[PDB]
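Return a 3D structure for these sequence lines:
(chains A, B, C and D, ligands or ions: 9)
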Amino acid sequence: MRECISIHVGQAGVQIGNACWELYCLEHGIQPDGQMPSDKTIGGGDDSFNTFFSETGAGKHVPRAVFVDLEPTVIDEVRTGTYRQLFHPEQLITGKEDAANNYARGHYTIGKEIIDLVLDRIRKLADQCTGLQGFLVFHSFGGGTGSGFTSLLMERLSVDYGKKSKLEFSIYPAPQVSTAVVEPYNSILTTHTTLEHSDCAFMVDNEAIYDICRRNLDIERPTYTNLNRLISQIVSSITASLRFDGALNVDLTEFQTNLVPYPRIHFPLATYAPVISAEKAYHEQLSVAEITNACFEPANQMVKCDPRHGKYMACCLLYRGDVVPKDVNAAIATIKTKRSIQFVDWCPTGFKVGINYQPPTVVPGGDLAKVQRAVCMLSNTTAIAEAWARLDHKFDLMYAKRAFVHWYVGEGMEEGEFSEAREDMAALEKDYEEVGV
Amino acid sequence: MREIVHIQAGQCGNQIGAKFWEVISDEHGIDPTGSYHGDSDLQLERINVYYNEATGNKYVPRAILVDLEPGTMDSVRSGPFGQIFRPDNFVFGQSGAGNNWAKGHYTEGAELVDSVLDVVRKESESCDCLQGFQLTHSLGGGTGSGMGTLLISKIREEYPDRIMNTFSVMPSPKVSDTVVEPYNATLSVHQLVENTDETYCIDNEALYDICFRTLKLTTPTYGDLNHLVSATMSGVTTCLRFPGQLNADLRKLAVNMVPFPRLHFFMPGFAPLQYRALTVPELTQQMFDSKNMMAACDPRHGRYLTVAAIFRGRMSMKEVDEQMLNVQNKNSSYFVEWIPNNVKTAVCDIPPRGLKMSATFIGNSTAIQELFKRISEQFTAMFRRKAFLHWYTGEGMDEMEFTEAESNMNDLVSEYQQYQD
Amino acid sequence: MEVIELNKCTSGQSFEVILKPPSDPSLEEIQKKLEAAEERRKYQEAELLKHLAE
Amino acid sequence: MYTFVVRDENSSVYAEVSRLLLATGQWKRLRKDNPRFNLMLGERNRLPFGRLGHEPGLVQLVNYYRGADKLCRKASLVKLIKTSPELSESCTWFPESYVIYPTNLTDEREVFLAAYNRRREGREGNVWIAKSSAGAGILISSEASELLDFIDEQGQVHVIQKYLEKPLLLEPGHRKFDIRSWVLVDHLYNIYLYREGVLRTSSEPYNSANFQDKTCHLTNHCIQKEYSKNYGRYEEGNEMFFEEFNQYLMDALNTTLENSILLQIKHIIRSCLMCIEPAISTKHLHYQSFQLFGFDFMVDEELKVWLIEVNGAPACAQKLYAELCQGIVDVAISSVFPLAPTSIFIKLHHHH
Ligand SMILES: Nc1nc2c(ncn2[C@@H]2O[C@H](COP(=O)(O)OP(=O)(O)OP(=O)(O)O)[C@@H](O)[C@H]2O)c(=O)[nH]1
Ligand SMILES: Nc1ncnc2c1ncn2[C@@H]1O[C@H](COP(=O)(O)OP(=O)(O)CP(=O)(O)O)[C@@H](O)[C@H]1O
Ligand SMILES: Nc1nc2c(ncn2[C@@H]2O[C@H](COP(=O)(O)OP(=O)(O)O)[C@@H](O)[C@H]2O)c(=O)[nH]1
Ligand SMILES: [Ca+2]
Ligand SMILES: [Ca+2]
Ligand SMILES: [Ca+2]
Ligand SMILES: [Mg+2]
Ligand SMILES: [Mg+2]
Ligand SMILES: [Mg+2]
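Residues are numbered from 1 along each chain as shown, chains lettered A, B, ... in the order given. Ligands and ions are numbered 1, 2, ... in the order given. Take a look:
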């Protein structure tokens, strides 16, 4: 057994992290007080769920998680929320004033003064691990902390844990739920400095989660709670292999091995189905073929883009619930004969399939309906480069006039870092084009 | 605990500041004696942003009243909520400033500024994490204009990394006290260009026209004008006084509204301006209409760099997004296309007293150059004949300082013009 | 259409279907970056204070 | 008040559509870089499809189907027809074609020579034509040596397809021709065939014993108006419209245009567009597409119709710009953005 440490940075990372550990507890039968009756080994054990939960002498199961935010109002929710008893104070770290949506302020000004503190609290968790795998880092692109402090944390983690894997869950900026105009700047600045430090990153576009919540859940104006409960379902589907007995994606190294043949192209597209409203009178339960087919519908992707006009480098199918391999292969056969699935010639045209028999858990009183089977597809498509192009274009529009740049230069960042970051994205876009076109 | 320290200087600054604390004190459930008597936890959630908490559960505004003559501040102390202010936070002289920028900035004001900074320092030393400062003042007089901008200068020296924000009342010949107002305003504007992060330009001409034409007030008084400023000051600060993530503090607001450091002068607007229900479409149409603007500049004469809108009350947040997206998509020729998504909307549930719902508008428009042009022309009409300069040279000033303020404001105009094309 | 590496346990199983065969900065350098930016901030504030002193 | 942007200043078709849109008083034109648009009249090359459909509260529509180049490229069309089961290699309405890369660069050289050697041995007519998309650059020859050497002197991909040695020749004149059909596909993927086509005729008598003079073999409107000496003799601008052509087919061949030709054309249009529908459909996409296609057909002396190529940005006959452009506004633009008959199109129903 090897442990995973989850790091939550900024408001997005903290509130998403709050929703994940809520779901993790429901899945593993852990109560808000940390007690796990089903756990017959009191105060220890090297079970699969122990990769995410430590244990005390009193039987408390404590998340292997750190929460970091430069302002205290969001982490204060955790300290007085339902799961306040899960974490001890050392795990929750807050400053007094935030990065003000300014990458330079989170990375340089405030990051320099709090980086050593965060690394110290992470070292404490690491010392409780007999074989640490690596880190899962949740954060947004647009926030000054999510962007600026994360990139600094990723740089130091590569120094302090050279042989450890690092995976990201990143929130891509969407104007429908964003009030910061400079988020394209922060997104590109943090991708540039985190690229060589992240082994695999799962981007979630808020625009996609927003529309899924309006379309499938009939929420006219989704909130962060609605968005985060849906995101934690996808996150749960992705991390289930590390927390339950299995043979696929059993450690963090396997995510790169299976999804990322080229290091810089490490942004798999996530697609999830089914998302059914809980207020529905009663939904006809979808089959393996239908939920699998839904994995190739743009409306269910975590990033709106057209995989029909890209090329696949890898494809994983993560099923949860009543699913047997026979029905999976049948559905895949039918989808090849109908869908436009073009793989790169230097990669086999295949699918790695993982099945966990425990159906998805839904938060009681939540928005999602209990379904008998679900699937999350992780596919490395060149089509996700559309999200880079969209973001890079917005960057170019503002930077051509040096709009807002003085805020970053005022925090000590040099203007050259803007163009250095943009040129690195231009090279990233060219890599996708060389592989897919 | 992100505290803001409030300063009000001069006659105009203290009369508008008084009304401001009267309005938001009501919205937060604070009575004239500082005792809380509201009924919603949303009122106290961010109460510490503008109020200190004294013994006995008393809420005392974090406000500093400054003047070079006692008259106006005596009225405030005798006004409705006069008793709510800290007695030690009244700092005033006896000489007055005679509507003379030089007297407030170099002579009379210099004698008094150190005692004001001592009270500023006392309020900051008791702040858990000070956001910054907001100053209410006029630009056409002597104390608020001359001493106010001296205060900003000395506050920026001692707190260089805090946000400096002002509500600045611009003079107009239609609502004028003395002919030297263009001189005092042109000298102040240069100070503001350098030492403030955000300045809400409140034009007394716009306030007058709104009272005469829209509100149908035959003979508007200074009191009538200040009612519009109160409502506006309460609208623009709602994001700071209640929960939210959209421009929730002064620095985040500045980051979203100011793409270039010197172009930080905002046109504010309010809607509505009597028992009939006001729909979201009506709130939106009016809020973007020039007649509802407080700067007396036609937005259709320039382009919006950034826009921040705040909707207050129980309404359809979906219907708000639809109407906001309808004004942008129906007039995108007035929004610079090189700042994507430069229109941000915030919603607050607590409406203002006596209104089911309202909307407040904050625009960083290049049309604001029309305001600086009016001042510049009035300035030059007198300065070319050196008229009324003796009031200033008698206080140690030289003509060169006027020539430089003039050039500085004409540069500011030219800077707005280039981003408008 | 081939299935390989079928692994079954009590809580699930995994396999692989093949449809067709194919055809850093050191700790020292990070401190320099952080201190270089802090120095540029100090220089900018000194110029501001020098401007205010004039 | 709907908003649109123009990104192809060279399109005569959408220049007229843009003019009509403004006349309605309900459409407003924005700068070509303004992202807040309902409708994009996009550029031909490298249209940024990835930036469409990400504007909150804007239903966005573009006049090109992403991926339709698979049909409108010479080499792509041949590849699509040979590899798509819906069309099969034995497709009977497309001339035998092969994709031939120049030797200075899969490639179907040896496959072409095999079929060529078979014709030469069996006394059959063995005349082929070589062309490419990088042309105004065409060569017609009966010797395989000349066809292949002509492509090597070039540097772009080419296609060698059988030359219809038995074309249908109009009389009087003994002259070749081709049929242009305009087809509009809307956002719901309805296939609308414009009721009005044009025959681009050659004003020179067809000569089978001399492929060196390419004026009587190539019916392009530019070639006939530049290298032909009988331009505009039989019909104005070497353009015969369906009414005249139909009347001719009745007097001469005792048949109608619908029976002998139009049925096959409609069948071909359906087959091609239904084939790529799964790949280019915008049904479940965050933006919508429509596109106007120019199908070019050949008719042989047996009244069998052959598909020559598909044009993704076609021009229109001068006399038919008004009717067709208005039709694009009715079914393609106003169907998504309604304004505050007897259709001019022929709906080719199909299964989605
Ligand atoms: N899905 C989701 N997105 C969020 C959430 N909170 C914030 N965001 C997005 O994150 C971006 C803003 O960044 P934040 O994470 O709030 O900022 P931060 O990391 O706290 O950094 P600061 O600038 O110091 O506040 C916007 O695009 C928001 O839409 C959340 O809870 N869920
Ligand atoms: N296999 C074939 N048999 C007989 N004629 C042919 C032929 N292929 C092409 N042609 C002749 O070539 C002319 C058009 O060639 P083609 O369409 O391939 O080039 P092009 O695309 O530049 C013209 P357009 O796009 O306007 O139709 C037609 O008029 C037709 O008569
Ligand atoms: N809106 C408003 N403007 C005022 C008020 N009092 C004065 N002014 C304006 O402010 C300028 C005079 O400045 P004033 O505040 O009286 O001088 P000071 O006391 O030296 O700062 C003139 O332009 C007046 O029109 C007021 O109560 N409300
Ligand atoms: Ca145990
Ligand atoms: Ca590493
Ligand atoms: Ca004195
Ligand atoms: Mg934050
Ligand atoms: Mg006065
Ligand atoms: Mg062509």
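
elements contacting the one helix or strand residue D:22 maps to?
In the assignment (DSSP states H and E), residue D:22 maps to helix D:12-23. Other helices and strands packing on helix D:12-23, by 3 or more CB pairs under 8 Å, 6 or more residues apart in numbering or on different chains; DSSP states H and E, are strand D:2-6, strand D:27-30, strand D:39-41, helix D:321-328. In short, each C-beta sits where N, CA and C put it, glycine included.

who's in contact with the residue nearest to residue A:311 when sequence neighbours are not counted?
On the basis of CB to CB, 6 or more residues apart in numbering or on different chains, the spatially nearest residue to residue A:311 that is not a chain neighbour turns out to be residue A:436, at 4.1 Å. By CB atoms under 8 Å, 6 or more residues apart in numbering or on different chains, the contact list for residue A:436 reads A:310, A:311, A:344, A:381, A:382, A:383, A:385.

For the stretch 201-350 of chain D, just list every one of the helices.
D:221-227, D:242-253, D:257, D:263-280, D:321-328 (DSSP state H, counting those that start in this stretch).

Residue D:111 is nearest to which of those helices?
The closest of the helices of the stretch 201-350 of chain D to residue D:111 is helix D:263-280. By CB to CB, the value is 22.1 Å.

And the closest one, what's buried?
Using 16 or more other CB atoms under 10 Å in any protein chain shown as the test for burial, helix D:263-280 gives D:264-266, D:268-277, D:279-280.

Any chance of TSV for the helices and strands packed on helix D:12-23, columns distance to residue A:273?
Formatted as TSV, the helices and strands packed on helix D:12-23 follow (distance: least, CB to CB, whole Å):
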stretch	distance to residue A:273
strand D:2-6	34
strand D:27-30	37
strand D:39-41	31
helix D:321-328	37
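
circling back: using CSV, please lay out the helices of the stretch 201-350 of chain D together with distance to chain A.
Output for these, formatted as CSV (distance: least, CB to the nearest CB, whole Å):
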stretch, distance to chain A
helix D:221-227, 32
helix D:242-253, 36
helix D:257, 37
helix D:263-280, 5
helix D:321-328, 24
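
Report the central residue of chain C.
Chain C has residue C:24 as the residue nearest its centroid, 10.8 Å off, counting by CA atoms, centre = their mean.

do you know which of the helices of the stretch 201-350 of chain D lies nearest residue B:290?
Using CB to CB, the helices of the stretch 201-350 of chain D put helix D:321-328 closest to residue B:290, at 38.9 Å.

Please tell me I have it right and residue B:166 contacts residue B:152.
Yes. Counting by CB atoms under 8 Å, residue B:166 does reach residue B:152; the two are 7.3 Å apart.

Tell me the secondary structure at residue 30.
Since you didn't name a chain, this refers to chain A. At residue A:30 the chain is in coil, as set by DSSP: H, G, I helix; E, B strand; the rest coil.

measure it to chain B for me?
Distance, residue A:30 to chain B, using CB to the nearest CB, to the nearest Å: 30 Å.

what does residue A:382 give?
Distance of residue A:382 to chain B, computed by CB to the nearest CB: 24 Å.

In contact with that residue, which residues?
Here residue A:382 is in contact with A:265, A:310, A:311, A:313, A:432, A:433, A:435, A:436, A:437 (CB under 8 Å, 6+ apart).

among those residues, which ones are buried?
Buried among the contacts of residue A:382 by 16+ other CB under 10 Å: A:265, A:310, A:311, A:313, A:432, A:435, A:436.

For the closest residue to the second one other than its chain neighbours, grab the count of nearby residues.
Counting by CB to CB, 6+ apart, the nearest residue to residue A:310 once its immediate chain neighbours are dropped is residue A:383, at 3.1 Å. Neighbouring residues of residue A:383 were enumerated by other CB atoms under 10 Å in any protein chain shown; the total is 23.

isn't residue A:383 right up against residue A:298?
No. Residue A:383 is not in contact with residue A:298 according to CB under 8 Å; the separation is 9.5 Å.

and which of the buried residues of helix D:263-280 is nearest residue C:3?
residue D:279 (28.1 Å).

Quick check: that closest one vs ligand 4, distance?
Counting by CB to the ion, to the nearest Å, the separation of residue D:279 from ligand 4 is 52 Å.

which residues touch that residue?
By CB under 8 Å, 6+ apart, the neighbours of residue D:279 are A:308, A:340, D:67, D:70.

In TSV, list these along with neighbour count and distance to residue C:15.
Putting these into TSV (neighbours: other CB atoms under 10 Å in any protein chain shown; distance: CB to CB, whole Å) gives the following:
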residue	neighbour count	distance to residue C:15
A:308	20	26
A:340	16	25
D:67	17	33
D:70	19	34
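
Just give me the closest of the residues you listed to ligand 1.
Nearest to ligand 1 among those is residue A:308, at 26.7 Å by CB to the nearest ligand atom.

Quick one: classify that closest one as helix, strand or coil.
helix.

The closest residue to it other than its chain neighbours: helix or strand, and which one exactly?
In space, residue A:308 comes closest to residue A:340 once its chain neighbours are excluded; the distance is 4.2 Å by CB to CB, 6+ apart. For residue A:340, there is no host helix or strand (DSSP H and E).

how about residue A:340, what does it touch?
Residue A:340 touches A:307, A:308, D:278, D:279, counting by CB under 8 Å, 6+ apart.

Can you tell me the element residue A:12 falls in?
Going by DSSP H and E, residue A:12 is in helix A:10-28.

One more: residue B:25?
With DSSP H and E as the test, residue B:25 turns up in helix B:10-27.

What is that helix packed up against?
Looks like helix B:10-27 contacts strand B:2-9, strand B:63-67, helix B:71-78, strand B:129-138, strand B:163-170, helix B:222-241 (3+ CB pairs under 8 Å, 6+ apart).

Any residue of the fourth one touching ligand 3?
When you say that, I think you mean strand B:129-138. Yes. Applying CB under 6 Å from any ligand atom, one finds strand B:129-138 touching ligand 3 at residue B:138.
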